[PDB]
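> kindly return the folded structure for what I paste below:
(chains A, B and C, ligands or ions: 3)
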Amino acid sequence: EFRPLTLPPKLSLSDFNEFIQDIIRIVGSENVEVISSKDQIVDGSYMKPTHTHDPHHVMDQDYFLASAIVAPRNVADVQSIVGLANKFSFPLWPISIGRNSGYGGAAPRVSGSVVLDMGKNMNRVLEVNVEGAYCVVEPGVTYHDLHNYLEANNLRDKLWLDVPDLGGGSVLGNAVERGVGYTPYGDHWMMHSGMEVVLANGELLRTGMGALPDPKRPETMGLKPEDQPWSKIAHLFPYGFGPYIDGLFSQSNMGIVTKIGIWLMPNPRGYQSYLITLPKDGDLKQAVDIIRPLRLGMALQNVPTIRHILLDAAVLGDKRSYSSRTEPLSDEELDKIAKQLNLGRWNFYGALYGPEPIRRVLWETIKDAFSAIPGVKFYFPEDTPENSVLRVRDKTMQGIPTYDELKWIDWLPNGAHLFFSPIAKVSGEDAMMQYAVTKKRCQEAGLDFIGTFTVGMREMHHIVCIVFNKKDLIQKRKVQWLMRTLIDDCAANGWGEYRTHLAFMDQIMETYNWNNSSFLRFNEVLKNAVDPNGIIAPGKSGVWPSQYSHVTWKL
Amino acid sequence: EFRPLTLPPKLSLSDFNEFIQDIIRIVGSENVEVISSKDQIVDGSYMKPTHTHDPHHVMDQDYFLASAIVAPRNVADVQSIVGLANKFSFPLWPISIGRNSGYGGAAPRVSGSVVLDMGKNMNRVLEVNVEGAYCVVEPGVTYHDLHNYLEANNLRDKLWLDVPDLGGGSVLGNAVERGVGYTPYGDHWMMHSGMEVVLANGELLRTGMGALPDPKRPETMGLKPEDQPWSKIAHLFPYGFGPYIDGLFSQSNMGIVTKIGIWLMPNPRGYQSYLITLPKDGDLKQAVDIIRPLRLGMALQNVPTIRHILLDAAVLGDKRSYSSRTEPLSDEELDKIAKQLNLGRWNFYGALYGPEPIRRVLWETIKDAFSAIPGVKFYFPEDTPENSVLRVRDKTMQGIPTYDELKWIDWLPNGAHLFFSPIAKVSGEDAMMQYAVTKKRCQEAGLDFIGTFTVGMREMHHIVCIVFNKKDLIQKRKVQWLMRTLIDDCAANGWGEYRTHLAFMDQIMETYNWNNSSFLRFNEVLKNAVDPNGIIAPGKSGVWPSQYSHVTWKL
Amino acid sequence: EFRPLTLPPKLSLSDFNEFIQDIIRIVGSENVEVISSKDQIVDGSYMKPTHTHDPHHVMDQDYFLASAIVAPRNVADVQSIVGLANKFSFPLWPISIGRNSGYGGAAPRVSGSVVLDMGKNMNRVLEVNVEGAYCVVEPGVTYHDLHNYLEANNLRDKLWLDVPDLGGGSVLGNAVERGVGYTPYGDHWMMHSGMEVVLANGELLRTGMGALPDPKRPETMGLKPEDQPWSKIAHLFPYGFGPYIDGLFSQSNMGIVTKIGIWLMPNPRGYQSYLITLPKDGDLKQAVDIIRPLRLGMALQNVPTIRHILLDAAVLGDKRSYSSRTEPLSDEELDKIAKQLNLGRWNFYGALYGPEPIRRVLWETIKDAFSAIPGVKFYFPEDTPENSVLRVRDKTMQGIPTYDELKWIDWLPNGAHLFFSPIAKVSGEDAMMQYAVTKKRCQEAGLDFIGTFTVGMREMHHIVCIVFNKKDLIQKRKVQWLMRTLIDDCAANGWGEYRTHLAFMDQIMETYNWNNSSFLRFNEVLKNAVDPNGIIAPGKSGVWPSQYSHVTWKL
Ligand SMILES: *Cc1cc2c(cc1C)nc1c(=O)[nH]c(=O)nc-1n2C[C@H](O)[C@H](O)[C@H](O)COP(=O)(O)OP(=O)(O)OC[C@H]1O[C@@H](n2cnc3c(N)ncnc32)[C@H](O)[C@@H]1O
Ligand SMILES: *Cc1cc2c(cc1C)nc1c(=O)[nH]c(=O)nc-1n2C[C@H](O)[C@H](O)[C@H](O)COP(=O)(O)OP(=O)(O)OC[C@H]1O[C@@H](n2cnc3c(N)ncnc32)[C@H](O)[C@@H]1O
Ligand SMILES: *Cc1cc2c(cc1C)nc1c(=O)[nH]c(=O)nc-1n2C[C@H](O)[C@H](O)[C@H](O)COP(=O)(O)OP(=O)(O)OC[C@H]1O[C@@H](n2cnc3c(N)ncnc32)[C@H](O)[C@@H]1O
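Numbering: from 1, shown residues only, chains lettered A, B, ... in the order given. Ligands and ions are numbered 1, 2, ... in the order given. For reference, the structure is listed below:
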């Protein structure tokens, strides 16, 4: 329609109208939804994600938000749209599925921007190669989707996924965000090979070997470039020749993604998932010094998770169902909890991979290792209650999608998530030292600390899990406050966040300040060169086209 | 001095003189060598690499070549020099050690360019972190150098390298080139985390977490930025936050490198190196279908090498010492050879890693697998002649540097190497099919095919090893001819070269043509944005600043 | 000469030489000193200030530093020089006298810059108007100089100065820096009216009424503009008409100053100086709540000083002469000290002004007020030891210059000063709260806190007096560390530094960050508009011309 609630910059309304008109004129009235009124107030459900904004909203609901939604039906649409977005300096905000909750979701950093709902149309599994062990997909291929495909093609016996805690995210969006999963193939971004992208100027690109063109043949003649098959090695060798640019494409506004090759993990013929429970909060420390060499030793296989009891607990029940108390729960209450549960204070989930002769020693290796930790306790799914999270993580650690996790998003009544994700070494000390802070602050903020550590190889992803009730302002402000505070400390102590929410992108990019913002500066430089017009989602990762004021924009 | 043999573009001589004057005025007369005359004709030795040009020269000796050599004494020097190089539009050609033989060596794509001999001064091991398992180095830290360091620090017991066939290359240059080595840590570029670079405009940058600044402290105050320590995670987590740009830094002219974090491989406590010999030339095919799933299965550990007999043979002796014949040796002569040697036609080198319970099954696994191949034969170093290459590769597969390889560079009298390095799937067929061609052509070119395959995980690096006598023109022309021919075919069949010589950069970047050179186009765009002046080694990877004509420049 | 140790940016050496040649060619070989070698290592004495760099150097000695010194002989010289500085993009660094010690002294933020020693030639008292009560001076009129003038003109009986703790600073440099003195006329910058400045483009300007041109007359015809007399009101009314721009001229690189009108304080016919001593460290708190309304009440007249015992003590003796101990002195040692001295822990100096009937009540007013503070004790100079600082401050509070202060610069052996100068409310609490921090940190830094508070009217200038031994690196680093730390806290708690050293300009301008650096941004904007070339002392107050990289430049 005619009158969206928010116009992007300097966009006049007739201009908005024309744009929106040429646009419906391409993609179909079907492919567009304007956002005419607050009857938008509608945040949604994981099952049916809203695109207009951030559901897990810490800011005012309407704070970051669409002017309109646009669902390109195919690459050329994106191309056309960019052209228009280019004609009018309308800005973009592409997304794949929108489950980017706890970071912003569908919500665009710049309000009045257009939402490029890619995945809606662009749902395809382009290919799944067994010999190469990989798949090629679109923004719309959600994981489950990816799964059922192999399923309805009996592939699971030949091949395997690597999911994140939840099943519905875009395999593609996730890889660009540098999302992480739990099988040894957990480092998603790194498992990519050959992607295609519509650059800021509308022109297509195929990274790496995506560039060595498939040789011609009758069969393939006359297909649009976005339609031509790929060279042999495209998807089996990420680097190509010359600059390795693919990275400009992750957590950046360099281009709009349309496709990507993700490598698949070949069924291993042997899979043992387990859980060593850690008794003392201080366990976390020895626990890590422990995992340290096993991870570097490869005795540890996939990316193992070290959980804080409440994550498990909260998956099991809301906060209220364990304490009808407003404040943070006492440290003694967790201990009751660990127990009511059989859990640890801390809880380490991992999985074994391979022929049994293989797993056996590994496991003799770990089990024997975790032994120095008193009250340590080991376990197979089997050995556990039928709602036990070890139950969920077994599927999880084998590429099977689930949706049991969100339940935890439920601790609080208008539970919403917000993730503080500082990186931390794999040193019990550092792990401890970082934890202290974050906690300390969750207390002051009046919160239940809840969070884990994704067991990186020489690093570790510290996911602080801040929930809070989205309908409680006193609180929302505390989170914001907590947010930016934790951001400073961590940094103050030397730790950066690896990915973050729309609302803190700036703050954190600011952490990245060596030599006077040089990194940021460099980015801008390339951003402008390539996106002179600032059309393609400006402000992401805290980077802005000249055209955007820092002052008018930052946060 | 005054009069170099070749001036870079539009550089007038007084201009050359001033530049060279302000320059000696910084780095010391010591740090500079002008190239006043053909008394330069001097190609050198691996032990003492020439910087002025390409030793393994296929082109006229003087074809690609310095105007002068400059050895920055420290980062600021590089900075200063860039500034001047910037003042005057003088162009750069940075290198670390120069052993880039078989690709160009020290030689600059653009003649009259200045040679930035980094490594000469910039020799330091900045750090070697055990807990993190990694080292931080300069352009000048050659591998051996890297080795002896750990050695003279008793580290080998805690940590391990990953060398390439030769010991003296720059750990750093090698990683940027995306060089590859043989331990499981063989994928060099990928083992990097945190690098620093002097951009085209003189400003410093530190990629990734290199950017999250180490927090302040008395101890560290007042040190130049190039001198400040790194944040904690800098070197344990390559991605940082926002765009993952590091890749603009590999096989590109985006910036000048000054430092880099390479992760180290923790001693594994168990190491078995071996060799299964392949009897028939056609073995190569089944051989691969074989390795295919073991590599994807991780039964295969490091990057294993599949050798062509002559590589081994030639390491053992020149060509003449096996046939006093000019032409390519008959296929029957190889067979005599395989035998005179105990070798296969093809020969697969690999290594086992870990506690023995660990290796045993693996090995039972491989050995049992290679079994379907008749006359197959397995072996430990022990089981072999004391000059046997299995002898050399054991050290090799454990990070120990050697220099036994070059000997092979000796097949021919004024042996020089030239590498054709097309990628190829891990399919016996493809492997075969690619081999056929390359060979076929080596024949026509009047050459001994010689080459291997670095066992990639879902790919394979096909290194065609073209030697030829550098002092034989009829021949040099045949190689050039062979070169560009093989380049077309491979491509014609769908295979790209992953890295190449100075003289073929263009040709190959041209292979990368999907959608009308889009990849190349994109590159230029960012290259100019960042290196408006085209000062920093123009033409690399076949990319050129506006300022350089395609026509005047390409090849 | 030929070869200065440091060239400014992109300046080539022949260029440096030409510049320096045309330049000697104007001002005389006499007016120039190149800085050819480290035989420069020479830091000097207050009596004979070095221009080349920072004497009180926290950084490496040579860290900030001249390329050459230039002493303009008259306004046109400055004009000429700018022109050249303009021709060549050579940068400027103007100074009046150089006693800007504890902030940088003569030292230029950008090394290789030229030092514009104004005051050397430009020594004149242009006028001293009795009727108007004001003087007009040049950069070279040091205070004492200003004094002796009135003296040798019997003026003191008619008029009075307002000095800062030391006598030799430039009356003019001091006013631009917003330096402060102790008579009621202590707010220096504010006592200005009509200034002249050579803008960045060489053109002259006269602020305010300086602009309403003196009407013509035979007597004045044909004099250069820099030579013409001023309009009547020029110097009696700072605002003029239209924009009140004078302020772009204080603690900014907007223009080069050549002259300025400072109003004079008419002898008051009655002057009583005194000192109430404060016993407890905690006294400082009640003490302030006390002064608060008297200052706002004008019962308090000039700007009174609240001293920390050690300042007085240190004026009396080095540190060693009270404790042969390296560490910070105990809090009990001060108490011995207060006593050995008759001093307070804290010590409040002020002065009475006017006809006696006038002073009497005031004093009855204060004395009676300070009474609630136990052990409080009052005093006239008379009532005190002949080296007593009350002795020095009496002259001080009456415009009489002295040089007794520096002695304190002597606490430490290679005593050097560094000033942390955060503003603080006039609330005992705030005063306390700010003090705590600063101290706390001086301890950790391993230092004697030493400092005061200039009794502002609704504010207070908290001068932390950091000394340290310039020849002790472990220490220098601690100060730097302390420096930037205190800067963050203060800010963290809401307090900004009002003026600072060369080395922290950036850091602090960064404190000034509301709305995303808007203030800084605005500044740059006007800076460039007016100093397109960045010639006029770039980086001051942390502001930089486009031409200067933040990254290359900041700190
Ligand atoms: C609530 C929650 C979230 C969560 C999690 C557990 C819970 C309970 N566990 C996660 C985990 O283990 N690992 C992980 O990486 N994330 C996890 N999250 C966060 C989130 O749910 C997932 O990461 C999810 O996969 C992210 O959302 P989705 O995959 O739906 O992606 P999106 O909203 O479409 O956005 C991706 C962002 O990247 C850029 N983008 C996306 N598509 C494109 C295209 N086509 N072109 C260019 N850029 C694209 C956009 O910036 C978009 O915002
Ligand atoms: C003759 C030969 C070569 C060879 C080999 C076996 C033989 C007998 N085996 C190799 C192997 O197993 N793996 C491999 O990657 N290479 C192998 N080669 C080739 C070569 O010897 C090595 O790769 C060698 O490490 C490369 O040379 P070196 O390491 O000395 O590097 P360089 O000449 O200095 O150049 C590196 C290139 O990259 C860019 N570069 C280098 N330093 C910088 C800095 N500081 N900043 C920016 N760019 C830099 C330049 O383009 C330079 O040309
Ligand atoms: C060591 C010390 C310092 C001190 C003090 C007590 C001691 C023991 N007490 C001070 C006090 O009570 N009040 C005060 O304001 N400062 C005090 N200080 C610091 C210092 O000694 C004095 O402030 C002194 O007056 C400053 O130095 P000086 O007056 O010699 O000025 P300068 O070095 O030439 O520099 C002035 C700065 O401002 C700009 N400037 C100067 N002249 C010009 C011209 N002509 N045009 C444009 N800008 C100019 C420059 O940036 C220069 O750096």
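> can you report how many residues neighbour the residue nearest to residue A:82 when sequence neighbours are not counted?
Sequence neighbours aside, residue A:202 is the residue nearest to residue A:82 in space, at 4.5 Å (criterion: CB to CB, 6 or more residues apart in numbering or on different chains). (Each C-beta comes from the backbone N, C-alpha and C, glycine too.) For residue A:202, the tally of surrounding residues (other CB atoms under 10 Å in any protein chain shown) stands at 17.
> same check on the one 10 residues further on?
As a burial measure, residue A:212 scores 30 neighbours (other CB under 10 Å).
> and the lengthiest helix in chain A, how far from the chain's centre?
Ranked by number of residues, the top helix in chain A under DSSP state H is helix A:473-492. If you compare the mean C-alpha spot of helix A:473-492 with that of the full chain, they lie 21 Å apart, counting by CA atoms, centre = their mean, to the nearest Å.
> name the element the closest residue to residue A:102 other than its chain neighbours belongs to?
The shortest distance from residue A:102 to any residue that is not its chain neighbour, by CB to CB, 6+ apart, is 3.7 Å, and that residue is residue A:417. Assignment of secondary structure by DSSP states H and E places residue A:417 within strand A:415-420.
> about what we covered before: check which helix or strand the residue nearest to residue A:82 maps to.
In this structure, residue A:202 sits in neither a helix nor a strand according to DSSP H and E.
> so who does it touch?
For residue A:202, the contacting residues are A:79-80, A:82-83, A:86, by CB atoms under 8 Å, 6 or more residues apart in numbering or on different chains.
> please tabulate the residues you listed in JSON lines, including the columns neighbour count and secondary structure.
Formatted as JSON lines, the contacts of residue A:202 follow (neighbours: other CB atoms under 10 Å in any protein chain shown; DSSP: H, G, I helix; E, B strand; the rest coil):
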{"residue": "A:79", "neighbour count": "21", "secondary structure": "helix"}
{"residue": "A:80", "neighbour count": "18", "secondary structure": "helix"}
{"residue": "A:82", "neighbour count": "27", "secondary structure": "helix"}
{"residue": "A:83", "neighbour count": "15", "secondary structure": "helix"}
{"residue": "A:86", "neighbour count": "18", "secondary structure": "helix"}
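> and of the residues you listed, the nearest to ligand 1?
Proximity of the contacts of residue A:202 to ligand 1, judged by CB to the nearest ligand atom, is greatest for residue A:82, which lies at 11.6 Å.
> hang on, the closest one packs against residue A:204?
No - at 10.8 Å, residue A:82 does not count as touching residue A:204 under the criterion of CB atoms under 8 Å.
> overlap in contacts of the two?
When contacts are counted by CB under 8 Å, 6+ apart, the set common to residue A:82 and residue A:204 consists of residue A:198.
> buried residues, the longest helix of chain A. List them.
Using 16 or more other CB atoms under 10 Å in any protein chain shown as the test for burial, helix A:473-492 gives A:475-476, A:478-480, A:482-487, A:489-491.
> near ligand 2, from those residues?
With CB under 6 Å from any ligand atom as the criterion, the buried residues of helix A:473-492 include none near ligand 2.
> can you tell me which residues contact residue A:315?
For residue A:315, the set of contacting residues under the criterion of CB under 8 Å, 6+ apart consists of A:389, A:392, A:404-405, A:407-408.
> at 7 Å what do you get?
Residues touching residue A:315, when contacts are defined by CB atoms under 7 Å, 6 or more residues apart in numbering or on different chains, comprise A:389, A:404-405, A:407-408.
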